[PDB]
């Protein structure tokens, strides 16, 4: 069952199409969050995508034809597309867009100065004590749309409905905290059908605008997940995670979109150093294995590029699929979604979707944990400096299974490509996990 999506940050439409066919579909990823496909300002920075000029499908990722081709090819491979949608603002200042359109002084091809709120700046202190300024003033100088205007709502809804007609199945509502929930409710009444919608709202507590306000209009990003997971994996004990989720004050599991990191927080855009990213190597593998095995939220795996310390820089000058060779894992695209522990975690989540309970939790009071998903699967993580050799109880059928974090079951189910894990006749497993390593097994990767 599809259970996880992925953010192919800055990947062009041709690369996404090929990836859907060659990897995402076969591996079981449910969908792909793509970078903003509408017309945006020129420039090489990754953030130019967040300054719209119009809603024409001409962007850094490609043209309208290439975008449509991607949606079709991905759909045929069984993978949905989620579009990052700018519902709060238009570009700052003046200039030119990727489709040749000019703009300036709050004047665009589709909006006039009268379609925006009067200019004011959102100050950092506004987040804590002024709801009005957070929602009516400008986020880093971006022209703030009058989202209460019938014309503005019709214009945004027309873009969304047009995308659905092409085949797009979901949408990320960027900067939702900056738009009144009531305005998003009015907008949704104009949107056809019931596409998947998730709203970006950063709420760690104490804000004038809370994430709970957006639960009726769609899923909401649970940022506490990313920060608490990073803080626990770096500075705490994994044993504390036995009740991760609602128990820690997070929103309902069925309303949350979760992640280890996202495109903003992995580069300091609102995210501290406690956030775990690809730069952390094995620590990132382990954080992802926990997230994907744990039954809370709808997770999205991150897929980045090595930015060489430049937090404003755009992606590599070479495509992912380059004349027969994959530009992954090195100093260009990182392709975390292809990392064996991460892809293995996705396979585990997909095959344990029939049991959402955490069963038989075990820990050493510190950094060694193990738990199962009933008889569907079992996992263990060792973050101590000595080998984990404890015997743990599982609800799984006795036999031999492939540790899916390190290999996979062959077509004839007579061998694995990685190490084999044995479930004894009494359901126990005698662990043998080295320092900073893990294992995951499920009922559909059992040897015959």
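Here, rigid core means the biggest group of C-alpha atoms that superpose within 1.5 Å across both forms. Numbering follows the first chain given and starts at 1.
Here 31-39 and 408-416 are scored by the root mean square distance of their C-alpha atoms in 4 other deposited structures of this protein, with each structure fitted by the rigid core; the higher score goes to 408-416.
After superposing on the rigid core, the larger RMS C-alpha deviation in 4 other deposited structures of this protein belongs to 272-280, the other candidate being whichever of 143-151 and 272-280 remains.
Relative to its counterpart among 19-27 and 427-435, 19-27 has the higher mean temperature factor, C-alpha atoms as listed in the PDB entry. In this entry, 191-199 has the higher mean Cα B-factor, the comparison being between 191-199 and 341-349. The residue among 111, 278, 307, 159 whose C-alpha carries the highest B-factor in the deposited model is 307. The maximum CA B-factor among the listed residues 142, 87, 357, 256, taken from the PDB record, is found at 357.
Per the PDB record, residue ranking by Cα B-factor puts residue 446 in the highest third of the chain.
In the deposited entry, the Cα temperature factor of residue 103 sits in the top third of values across the chain's modelled residues.
Annotation for residue 383: CA B-factor lies in the middle third of the chain's modelled residues. Per the deposited record, the Cα B-factor of residue 329 falls in the highest third when ranked against the other modelled residues of its chain. The PDB entry assigns residue 374 a C-alpha temperature factor belonging to the middle third of its chain's modelled residues.
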